[PDB]
Trainee: 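Once you've had a glance at the structure underneath, I'll fire off some questions.
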Amino acid sequence: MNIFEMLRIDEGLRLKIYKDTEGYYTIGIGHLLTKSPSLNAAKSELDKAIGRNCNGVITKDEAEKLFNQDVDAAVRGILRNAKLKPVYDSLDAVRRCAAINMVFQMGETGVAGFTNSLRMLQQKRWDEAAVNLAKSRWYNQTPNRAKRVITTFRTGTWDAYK
Ligand SMILES: c1ccc(CCSc2cnn[nH]2)cc1
């Protein structure tokens, strides 16, 4: 298991524009296109991302390329973030995957709400961090995925994905 396999499980693969759990236009392996309600706006974003006129449909190769770019962007965002980088660097490799998973799903705009969770993770207080992480809109709205990510932080194993 690695971050790509983990997120492929959590996000699935769809080759035509779909809506994510929040109702936003998405494609591929969880690639957000736009928060606008306009399907045309989503189609423009798709064509820009792929570099051709797609008509809302991509190939598996294209979905996997977008996915690699999106995982890399999440990692680089962590490494550029003064609050996230020290916590990330304190983690083992399996727990780093859980961190990337969260940033892939939620970005960085809500990092400050996770200040206490981040402190508990850096302190390696795994059970306490798991309890704190579940006190979130994230957990309530996507509980099965959040439970898998939280179990990964709690145990440092891939047990939730096996
Ligand atoms: C290290 C780095 C990141 C994380 C999850 C990020 S805390 C957050 C970021 N964006 N939304 N919530 C955990 C340990």
Side-chain angles (χ1 to χ4, degrees), residues 1-14 18-37 41-42 45-46 48-49 63-162:
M1 199 85 37
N2 60 55
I3 182 59
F4 296 94
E5 294 186 12
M6 184 198 204
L7 277 167
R8 170 65 178 79
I9 288 163
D10 285 333
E11 301 288 343
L13 171 66
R14 292 177 81 172
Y18 64 99
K19 286 183 179 182
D20 74 6
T21 66
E22 302 288 340
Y24 295 135
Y25 290 123
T26 304
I27 200 165
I29 306 165
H31 181 82
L32 172 70
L33 290 166
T34 182
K35 295 187 175 188
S36 164
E45 291 302 303
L46 178 62
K48 174 164 55 80
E64 291 171 341
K65 175 144 207 230
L66 287 183
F67 181 48
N68 198 329
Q69 294 177 349
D70 292 343
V71 173
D72 291 340
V75 172
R76 296 317 283 281
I78 289 166
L79 296 177
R80 284 191 270 91
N81 188 297
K83 303 193 22 163
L84 299 184
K85 181 178 190 287
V87 183
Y88 183 80
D89 284 350
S90 79
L91 297 171
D92 56 275
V94 177
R95 292 186 172 94
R96 283 184 183 156
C97 290
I100 298 160
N101 193 305
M102 292 189 72
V103 174
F104 187 103
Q105 182 179 4
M106 289 183 41
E108 300 171 47
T109 64
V111 163
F114 286 81
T115 296
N116 306 314
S117 316
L118 288 164
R119 182 187 68 252
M120 294 175 197
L121 290 169
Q122 184 157 355
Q123 292 172 323
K124 304 194 178 298
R125 294 162 46 189
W126 306 126
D127 283 10
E128 291 168 89
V131 166
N132 186 265
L133 284 163
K135 300 172 176 173
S136 62
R137 181 177 187 277
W138 171 59
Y139 175 90
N140 284 100
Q141 303 300 131
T142 55
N144 281 339
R145 198 251 189 81
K147 283 168 183 185
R148 287 193 291 278
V149 173
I150 292 173
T151 291
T152 308
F153 277 128
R154 186 176 54 81
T155 68
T157 75
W158 290 115
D159 284 357
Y161 290 85
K162 284 172 121 222

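Values below: every heavy atom of this structure, side chains too, minus hydrogens, waters and symmetry copies. In this chain, residues are counted from 1 in sequence order. Atoms within a ligand are numbered from 1 in the order they appear, just like the ligands themselves.
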Trainee: Nearest to atom 12 (N) of ligand 1 by heavy atom, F104, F114, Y88: which?
Mentor: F114
Trainee: Mark up the atoms of ligand 1 that fall under 4.0 Å of a heavy atom belonging to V111, in ascending order.
Mentor: 9 (C), 10 (N)
Trainee: Checking side chain to side chain contact (heavy atoms under 4.5 Å, CB included) for the pair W158/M6: CA distance, chi angles, key distance, verdict?
Mentor: CA-CA 9 Å; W158 290 115; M6 184 198 204; 3.8 Å; yes
Trainee: Under 4.0 Å from a heavy atom of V87: give me the atoms of ligand 1 that qualify, with their elements.
Mentor: 1 (C), 14 (C)
Trainee: Of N81, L79, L118, which has the heavy atom at the shortest distance from atom 14 (C) of ligand 1?
Mentor: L118
Trainee: Considering only the protein, which heavy-atom contact is closest to atom 6 (C) of ligand 1, and what is its distance?
Mentor: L84 CD2, 3.8 Å
Trainee: Sort out for me which residue in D20, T26, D70 forms a side-chain hydrogen bond (donor to acceptor under 3.5 Å, both in side chains) with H31.
Mentor: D70
Trainee: Restricting to side chain to side chain donor-acceptor pair (under 3.5 Å), what partner residues turn up for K85, sequence neighbours left out?
Mentor: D89
Trainee: Evaluate side chain to side chain donor-acceptor pair (under 3.5 Å) for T157 paired with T155, printing each intermediate quantity in order.
Mentor: CA-CA 5 Å; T157 75; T155 68; 2.9 Å; yes
Trainee: So for atom NZ, which belongs to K135, do other residues, nucleotides or ligands contribute more than 12 heavy atoms lying within a distance under 6.0 Å?
Mentor: no
Trainee: Please determine if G107 has a nitrogen or oxygen closer than 3.5 Å to a nitrogen or oxygen of ligand 1.
Mentor: yes
Trainee: Compile the donor-acceptor pairs under 3.5 Å between side chains in residues 113-122 and protein atoms, sequence neighbours left out, one pair per line.
Mentor:
| residue | atom | partner | partner atom | Å |
| --- | --- | --- | --- | --- |
| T115 | OG1 | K83 | NZ | 2.8 |
| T115 | OG1 | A112 | O | 2.6 |
| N116 | OD1 | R119 | NH1 | 3.0 |
| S117 | OG | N132 | OD1 | 2.5 |

Trainee: For atom 4 (C) of ligand 1, which of the options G110, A98, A99 provides the nearest non-hydrogen atom?
Mentor: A99
